[PDB]
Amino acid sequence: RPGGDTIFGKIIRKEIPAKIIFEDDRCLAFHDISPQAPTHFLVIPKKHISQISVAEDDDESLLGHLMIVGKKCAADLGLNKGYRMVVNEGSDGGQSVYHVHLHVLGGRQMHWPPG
């Protein structure tokens, strides 16, 4: 089972259902099960990386691709007033799934500080 057995690894392999927005060879975008904004989705690599603090230098293009796919999906979902992208790292970040992912939140005014 390539990609590991976190819930996101299993979503990648279609073993657990998700509401998928976009998929390519490098990543997957799907709606968050506990949305914190009217639109709230995740962009995740298909390659398993546990957290950003252990990403390798050669992962740069992949991490950037998450953001490019994030902004394209946001446009496709009509978030024309904007949105916020978030990565939660470790305990102080509140990370709860150790498979790297980018949150994209919009459809309402986001506030400052960002948590």
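Numbering starts at 1 and follows the sequence shown.
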property	result
Of 106-114 and 1-9, the stretch whose C-alpha atoms average the higher B-factor in the entry	1-9
Mean C-alpha B-factor comparison - 24-32 and 48-56, higher one	48-56
Out of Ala75, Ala37, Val86, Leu42, residue topping the C-alpha B-factor column of the entry	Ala75
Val69 by Cα B-factor - lowest, middle or highest third of the modelled chain	lowest
